[PDB]
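Peer 1: Shown below is the structure under consideration.
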Ligand code: CLA
Ligand code: CLA
Ligand code: CLA
Ligand SMILES: CCCCCCCCCCCCCCCC(=O)OC[C@H](COP(=O)(O)OC[C@@H](O)CO)OC(=O)CCCCCCCCCCCCCCC
Ligand SMILES: CC1=C(/C=C/C(C)=C/C=C/C(C)=C/C=C/C=C(C)/C=C/C=C(C)/C=C/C2=C(C)CCCC2(C)C)C(C)(C)CCC1
Ligand SMILES: CC1=C(/C=C/C(C)=C/C=C/C(C)=C/C=C/C=C(C)/C=C/C=C(C)/C=C/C2=C(C)CCCC2(C)C)C(C)(C)CCC1
Ligand code: OEX
Ligand SMILES: [Fe+2]
């Protein structure tokens, strides 16, 4: 609700999408590059 | 593919004969157009000292440090 | 196909043009105490 | 089968650089500590924090460039880019000295992520994890100097800046103000570093000089196939050599190579304990029996009291320009000079 | 292998050994707690560091009631 | 055939003697804390708790008894100074003697639990081999620690059934053991709020009660039982150590930076109360309001307590001591007697000169007299030849206000130089250096020593996390690896 | 009592590791004495 | 001076009068002993990692080596595949002879070069001197880290042998 | 593919060397 | 003036741990002479 | 005022002869465990 | 009185160096 508290939760959301776009890209490519049995 | 088989190939040097000078000159123009002094806030040789401020500028506050550097970089 | 020693020659003298350029500007320009 | 198994099989695949699970912590954080240092020594100045020049834009070479510690007014703030000090601006973040904590924090999570890399590869190859335990040595020097030393002090300002000559003043700042060389924890650390360099110079030069003839060529590097079961140097000869030169010698290759692990690493752990004791200013500054005697007897001089007068010169002469935030204005007549210097 | 009277009471607490819940179980419930406890430690550190300012929370030596 | 560094691994496959050993470490820890506190009562002197508190006399474990509510002793003295007729059982001597009696009984129980190692409780009823059900042992032992956390915060701290926490004011003058009502808001995470400590152990005790209710009933998954190796007992030790140095950076952190759980009336002031001038600005503030209420100057400085000026002294900074010098801080310069007063330096022009104060870094510091705007006006010159700012030229006179030098004025250069040197060390005190053979160099407070041990410990236990942790995961290959 | 423990082992220290541990203590005694006497 | 505190009287006075830290031969031997203690503990760990099972878990690890045996006591292919994945493949010595030569090269070359740093600074060919090297366009001296290092050297220079000097320049 | 592995390290390096050669010719 | 508790620190810091390491060697050689069965086992 | 060489007399008069008598007992039990041949001889 | 301890530590260190060189456990093949 302050300047400092509102900016921190926005960084927490921004810290979620940085983990997110790495994770979402990693699941999709792990489907295509599976190893033959 | 082996690494030494890549750089001896011609098709390698076809691509990277354009990309290296187009990227080295962009690193030249990043400096000569005076752009790097404004992104990173580094002083030019003209502007270490000013006419008013003749001492060494320092930050002297925890929380208004952004406002104090708005003071010391206008003049 | 290019011989590999030609590649290390041209890139190797390219580094010398980069390094000796850096020892040039120790005696000219900024940081030269002129 | 499941979703976890496909991700586990993809990361551990044989490829150019082994990624693994630990590469998600190493490769983002190590890339930004290294790139934060190359940017901060090239572009970002120290004109507002220290009142110096520490960039390549400002004429400094490789030696006199650094990523510098922030101001003393910042205190121990983490200096987040979105924080109360920088407030989202990139340019004011760099001028306060925000890249230094950016390098040190993402660097501290690189050394976490690199030591986890050494546990993960050892489990896949199937070996004992002594590389990950010997690398804990250098973790104890990064943490207890770049992190635990400015925390005990007044701010991040008293930390080593990430530059070549900026480490060099930190070596000189720690003698005059702390008497660091007198500390027995450095003395046990020099014994491990000069002792560790000793062991690889001997074991390098004794293996290479008791080699067997495995070929007719004069070059002995050619005569070793890696998958051979015969040992490549005579251990009995090398024992017989040093038992007569030095008097005592290793008779155990398993004990020898373990001893080459213990000696360098312990010198980084014992020296790391002392630098935690200098965050608290618990320094080994004086021998009081030497100091009480030199006060009462103005003729008693040792080499030890000669080092205190060298430290008054470090505490007085550099501290004017060292700490511009405190505004030390010394007169010319208080600075301790010698005779005619 | 010596039956004691206190050993007879506590015996059903040790009688199970190595029974597991088959599958992944309550592992995704745990990670949501661990993601939450990671955010909790970040917040109370930044309160303490004065890098997260909360209104009517001042990190300074306060007058405890005497 | 065990090496000397593996002698205590005979207890790996023996739960019955795992307890007898863990009871013997307990009988030595408890016997230490009893015999340390008996040693401290032979050394403590409750003559003047204002200028000789317990943190000057090097008392280490004694500020941990008075933190949780022990002020009286069987001698009749108290740390609060109020006399008592009877402290009952729980005094300083009662606690010290009860940690000894607890040590003697954990000693005798460890003789039992070592001899009678073969109990049916530790056998597996399905295989017969000695096993410990580590998931349910964790459920029991976490449910107990939920009760002792919630029981502590609700009853000992809040004063429902207990004395409470030592609290204090902002400036270390008044302090007493009192019940503390919890603060549940965001103000609870202010660590200088003592209500946050009560709110913590009440809240987090409930989370520890109902996590033991979880970790009793629900069995581990098949994946996590194999991945974290929960059949092995060393995965308990690998991760218990991680939960122990993590706790030791916190306590060494909040001791060093200060918290409500570390009052400056018990452990001494922090170094950040010298660097920011936390007591210099406060002593002036109680004089700026006194002079504004129509007073003479010497009557304004006489209202200042001797305790408040005693914190404004560089010898009470924990960042001034050394490592291999030993003993209490009273070994430093002697037991303080009285406050000599507040010297005010004025030149022949009449302006006010303040002595520049020594920072915590400098062992030696040149005496410099500075006026209000930062201009160097006087000093004591090293080189006396070309002197331009000496006290003889400037003619600095000293004026005391308050203390035992209340109205006095010294005007000559021999006497002003003696008070200019001792005024850069904070306030000015009269000490007694002949009782303890005080040599003349500063020592450290128990705030400084606690931060030393428990942060050099926590760095060593980080290596134990990597040793015992990598020993758990890699268990099949510690005789060596196979060549195939 | 109960039965004999099957976890009885033996402790070893060869003549080599004696001289390491003796020299370890005396060199730490040489190093840290000067600071303790102060 | 043949002592311990006399060594640090020697090192500090040598710093003020010769500026050894900026001299590139002390730089080439700090790299010799930091590198030397690296490759010591890096080689000593990869042998101890890849030891072959010859003992039990009760006795010592070291007793799986009988003295004078002819069998190799560690899987060298194992430690090559580890370091071949820890950095990358081509940075690993499969040759144990060229590996045990690089352990002898790096420190010894680093201390030959360093000991000819003291030698060339015995004849007053000092290290680098970047004092007052960065100036603005006005010409005022902008400080660097070498200027802060200079003020530490000026403190030791004006205080070493505080009575032996009579003339303004320490020629000796 | 390893084109993202090298060129995350080489595309910056040539860009900074384009700036370090330009700073040799900058004077006051 | 030196601290008189430092004599107790050093001379017990020498003797108590060094006499410990002697004991682990004497019982090592006694077990080796114990198994060997000749003239010294008893 | 007490004699400060008496701490060294007593605490070495305790420890040095008492640690001696412990050693003769430990090597006694090691020889008995040495001959016995089971689980502890090595 | 103080330097007597330092001398005893030094010559006591040189004793165990003497015994380690000459009374060493001589390693033997087979
Ligand atoms: C919670 C604490 C804890 C516990 C219970 C253990 C338990 C164990 N450790 Mg471990 N360890 C710990 C912390 C702990 N460790 C830490 C912090 C480190 C880092 C230093 C290590 C490093 C370590 C190694 C490197 C090894 C062990 C080993 C062992 C096993 C046998 C111990 C032994 O034979 O020593 C016997 C010790 C002695 C006979 C004498 C030791 C003398 C010490 C060094 C000085 C005297 C101690 C001193 C009085 C203590 C003061 C108290 C202080 C701790 C506050 C055992 C399972 C061994 C193992 O893996 O088992 C196979 C082993 O090789 N540990
Ligand atoms: C009603 C809600 C409530 C309230 C008001 C509190 C109140 C508090 N809690 Mg608590 N807590 C609660 C519920 C609550 N708790 C619940 C439900 C849980 C879950 C069981 C916890 C778990 C918890 C933990 C685990 C901790 C607290 C702490 C605290 C204190 C925070 C202020 C402080 O000094 O932290 C200071 C802030 C920190 C110390 C941040 C920790 C981050 C670490 C130190 C980072 C570094 C780690 C690394 C290994 C160190 C080495 C690196 C080095 C280089 C720096 C305060 C007493 C902290 C405490 O007790 O400290 C005194 C603490 O550590 N709480
Ligand atoms: C019968 C119980 C009992 C009681 C009431 C006391 C009482 C006391 N002891 Mg004592 N003690 C006891 C048993 C007891 N002792 C035993 C059995 C031992 C041997 C282990 C000791 C060893 C001991 C020592 C060594 C010392 C004391 C001290 C003290 C005094 C201050 C306590 C203090 O500050 O601790 C503070 C306690 C803590 C900070 C513990 C924190 C617990 C950590 C943070 C737990 C975190 C992990 C948790 C389990 C995770 C799950 C949380 C979950 C709820 C979510 C106090 C008079 C001190 C003193 O002055 O001695 C005279 C002192 O130094 N005690
Ligand atoms: C004129 C020249 C003649 C030669 C001079 C003789 C001096 C030689 C010094 C003897 C070393 C004795 C240490 C015993 C050590 C001991 O006996 O070890 C014996 C050990 C033999 O190990 P093994 O392979 O027999 O062990 C196999 C297993 O049993 C391991 O336990 O040899 C070494 O490893 C020693 C190598 C390092 C040597 C360490 C020397 C450190 C230098 C000395 C530091 C002290 C100096 C202090 C002075 C104040
Ligand atoms: C900071 C930051 C960032 C960024 C990052 C990155 C991305 C970076 C990168 C960067 C990089 C990564 C850099 C690089 C650089 C490089 C360089 C610049 C190099 C150089 C080189 C040299 C100079 C060398 C030399 C040589 C040669 C060439 C050869 C011979 C040898 C020698 C060594 C001499 C971000 C965005 C996140 C944001 C935040 C902050
Ligand atoms: C039997 C019995 C009894 C008795 C008991 C007793 C009397 C107790 C005591 C006990 C004791 C009295 C104990 C003590 C202990 C102590 C300890 C255990 C200590 C130790 C410590 C340590 C070892 C440490 C170390 C160190 C040092 C020294 C220095 C620095 C470092 C360190 C810290 C590491 C009774 C009658 C009650 C009851 C019945 C039975
Ligand atoms: O003698 Mn020994 O140190 Ca070579 O510099 Mn000149 O001389 Mn004396 O002064 Mn500085
Ligand atoms: Fe080797």
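Peer 1: Can you give me the relative contact order of chain D as a percent, contacts being Cα pairs under 8 Å and 6 or more apart?
Peer 2: Details: 391 pairs, mean separation 60.8, N = 341.
In percent, rounded to a whole number, it is 18.
Peer 1: Take every Cα pair under 8 Å in chain F that's 6+ residues apart, average their separations, divide by the length, and report that relative contact order as a whole percent.
Peer 2: 16 percent
Peer 1: Points 7 angstrom from Cα along the Cβ direction at residue A:28 and residue H:132: gap in nanometres?
Peer 2: In this crude label model, residue A:28 to residue H:132 measures out at 6.2 nm.
Peer 1: Another question, if that's okay. What is region D:66-192 by shape, rounded, prolate or oblate, if you read a ≥ b ≥ c off the alpha carbon gyration tensor as root eigenvalues and call it rounded for a/c under 1.5, prolate for a/b larger than b/c, and oblate otherwise?
Peer 2: Note, shape of region D:66-192 comes out oblate.
Peer 1: Another one. For chain K and region F:385-422, what is the centre-to-centre distance using only Cα atoms, to the nearest Å?
Peer 2: Here the two parts' Cα centres lie 66 Å apart.
Peer 1: Between the alpha-carbon centers of region L:1-16 and region E:1-44, tell me the distance in whole angstrom.
Peer 2: 57 Å
Peer 1: In whole Å and largest first, what semi-axes does the C-alpha gyration tensor of chain H yield when each eigenvalue is scaled by 5 and square-rooted?
Peer 2: Ellipsoid semi-axes (Å, largest first): 49, 21, 14.
Peer 1: In addition: I need the calculated FRET efficiency for the pair residue E:32 and residue B:62, taking r as the beta carbon distance and R₀ as 56 Å, to the nearest 0.05.
Peer 2: According to the calculation, E is roughly 0.95.
Peer 1: Using a Förster distance of 30 Å, how high is the FRET efficiency between residue F:295 and residue F:393, based on the Cβ-Cβ distance and rounded to 0.05?
Peer 2: Once the sixth-power term is evaluated, E becomes 0.30.
Peer 1: Let me ask something else. Please give the length that would be gained between residue F:210 and residue F:302 if that part of the chain were fully extended, namely 0.36 nm times their separation in residues minus their C-alpha to C-alpha distance (nm, one decimal).
Peer 2: Details: separation 92, 0.36 × 92 = 33.12 nm, distance 5.71 nm.
Taking residue F:210 through residue F:302 to full extension adds about 27.4 nm, to one decimal.
Peer 1: What average count of beta carbons from other chains do you get within 10 Å of the Cβ of residues in K:18-24?
Peer 2: If you average over the peptide's residues, the count of other-chain Cβ atoms is 3.
Peer 1: Oh, and also: Sorted from fewest to most neighbouring beta carbons within 10 Å, what does the list C:10, D:190 look like?
Peer 2: The most exposed by this proxy come first: C:10, D:190.
Peer 1: At q = 0.19, 0.25 Å⁻¹, what log₁₀ I(q)/I(0) does a Debye calculation on the Cα points of chain J give, no solvent, two decimals?
Peer 2: Each listed q maps to, in turn, -0.64, -0.80.
Peer 1: Answer rounded, prolate or oblate for the protein assembly as shown, using the Cα gyration tensor with square roots of eigenvalues a ≥ b ≥ c: rounded when a/c is under 1.5, else prolate when a/b is larger than b/c, else oblate.
Peer 2: Rounded, since a/c falls under 1.5.
Peer 1: Also, I was wondering about something else. Give me F:115, E:20 sorted ascending by neighbouring Cβ count inside 10 Å, so fewest comes first. Walk me through the numbers before you get to the answer.
Peer 2: Working: F:115 13, E:20 16.
Ranking F:115, E:20 by Cβ neighbours within 10 Å, fewest first, gives F:115, E:20.
Peer 1: Just grab the label-to-label distance for residue A:13 and residue F:108, each label 7 Å out from Cα along the Cβ direction, in nm (one decimal).
Peer 2: Those two pseudo-labels are separated by 6.7 nm.
Peer 1: In degrees between 0 and 90, to the nearest 10, how far off the longest principal axis of chain F does helix F:134-151 point, with axes built from Cα atoms?
Peer 2: Between helix and principal axis, roughly 40 degrees.
Peer 1: Another one. I need the shape label for chain D. Rule: rounded when a/c is under 1.5, else prolate if a/b > b/c, else oblate, with a, b, c from the alpha carbon gyration tensor.
Peer 2: In terms of gyration-tensor shape, oblate.
Peer 1: Moving on to the next point. To the nearest 0.05, what FRET efficiency results for residue D:124 and residue K:19 with a Förster distance of 60 Å applied to their C-beta separation?
Peer 2: It comes to 0.75.
Peer 1: Place a label point 7 angstrom from the Cα of residue F:415 along the Cα-to-Cβ direction, then list the residues of region F:363-399 whose backbone nitrogen is under 16 Å away.
Peer 2: From region F:363-399, the list is F:392, F:395-399.
Peer 1: What does the helix-only formula give at 222 nm for chain F: each DSSP H stretch with n ≥ 4 adding -39500 (n - 2.57), the total divided by the residues, and the result rounded to the nearest 500 deg cm²/dmol?
Peer 2: It comes out at -13000 deg cm²/dmol, rounded to the nearest 500.
Peer 1: Give me the one-decimal nm value for the distance between modelled label points at residue C:2 and residue F:35, 7 Å along each residue's Cα-to-Cβ direction.
Peer 2: So the label points at residue C:2 and residue F:35 sit 7.9 nm apart.
Peer 1: Sticking with this one: Relative to the first principal axis of the alpha-carbon coordinates of chain D, what is the inclination of helix D:235-245, with its axis defined by its Cα atoms, in degrees from 0 to 90 and to the nearest 10?
Peer 2: 50 degrees
Peer 1: Further question on the same structure: What is the extension gain from residue F:408 to residue F:187, computed as 0.36 nm multiplied by their sequence separation minus the C-alpha to C-alpha distance, in nm to one decimal?
Peer 2: 74.7 nm is the gain from fully extending residue F:408 to residue F:187.
Peer 1: Test of understanding: ordering D:310, C:21 by Cβ neighbours within 10 Å, fewest first, what list do you get? Before the final figure, lay out the partial values.
Peer 2: Values: D:310 23, C:21 14.
Ascending number of Cβ neighbours within 10 Å: C:21, D:310.
Peer 1: Kindly provide the helix-only [θ] at 222 nm of chain D, computed as the sum of -39,500 (n - 2.57) over DSSP H runs of four or more divided by all residues, to the nearest 500 deg cm²/dmol?
Peer 2: Helix-only estimate at 222 nm: -16500 deg cm²/dmol.
Peer 1: Averaging sequence separations of C-alpha pairs under 8 Å and six or more residues apart, then dividing by the length of region D:1-136, give the relative contact order as a whole percent.
Peer 2: So the answer I get is 26 percent.
Peer 1: For residue D:5, put the label point 7 Å out on the Cα→Cβ axis and report which residues of region A:15-34 keep their amide N under 20 Å from it.
Peer 2: Output list for this probe position: A:27-34.
Peer 1: Could you calculate the contour length gain from residue F:232 to residue F:67, that is, 0.36 nm times the residue separation minus the distance between their Cα atoms, to one decimal place in nm? Each step should come with its number before you reach the end.
Peer 2: Details: separation 165, 0.36 × 165 = 59.40 nm, distance 3.96 nm.
My answer for the length gained is 55.4 nm.
Peer 1: Return the whole-Å distance between the Cα centroid of region F:206-239 and the Cα centroid of region D:193-226.
Peer 2: 50 Å
Reconstructed Cβ throughout: ideal geometry from the backbone, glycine too, with neighbour counts over all protein chains shown. Rule-based calculations on the coordinates, nothing more; no lab input.
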